[PDB]
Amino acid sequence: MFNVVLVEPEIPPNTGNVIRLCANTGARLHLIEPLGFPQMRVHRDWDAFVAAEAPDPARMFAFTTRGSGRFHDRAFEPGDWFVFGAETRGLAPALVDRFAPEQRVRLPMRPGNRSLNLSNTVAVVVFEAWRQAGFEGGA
């Protein structure tokens, strides 16, 4: 339905939450090693992820608080790739650089230095994408 990609996740409970979200929504989960702890696929690194999956870059979105891409605008489609960063530092700047600026997407928040919980961010993005697809598969 959709692809969730967690880059170097750190905190076990967030990934547990996301596995549960994927199961409920039909999203496929991709974890990019190294992880902070010991359908789902685990990839040695980012480069291996791209070689294995060959994502269409036009349909790849990097969620980051530093993004200028607006969440509210965005049309998501089945098969898109929703990429999320680790809890402490977020996505590495050099990885965010590979996404075109409009593909770097920020979820709105009240003013100030803030970020959403990782698993919350993933659930909002997936449910909004799922809404746009009419919740196909859902009861």
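Residue positions are given as counts along the sequence shown, with the first one as 1.
- In this entry, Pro38 and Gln39 are separated by 10 or more residues of the deposited sequence that lack coordinates.
- Higher mean CA temperature factor, per the PDB entry, when comparing 6 to 14 with 122 to 130: 6 to 14.
- Mean CA B-factor, 60 to 68 versus 40 to 48: the higher value falls on 40 to 48.
- In this structure the maximum Cα B-factor among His30, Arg110, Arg106, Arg98 is found at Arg98.
- Among all modelled residues in its chain, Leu91 ranks in the middle third by Cα B-factor.
- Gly79: CA B factor lies in the middle third for its chain, per the PDB record.
- Among all modelled residues in its chain, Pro55 ranks in the middle third by Cα B-factor.
- Remark: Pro34 belongs to the highest third of its chain, ranked by C-alpha B-factor as recorded.
- Among all modelled residues in its chain, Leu116 ranks in the lowest third by Cα B-factor.
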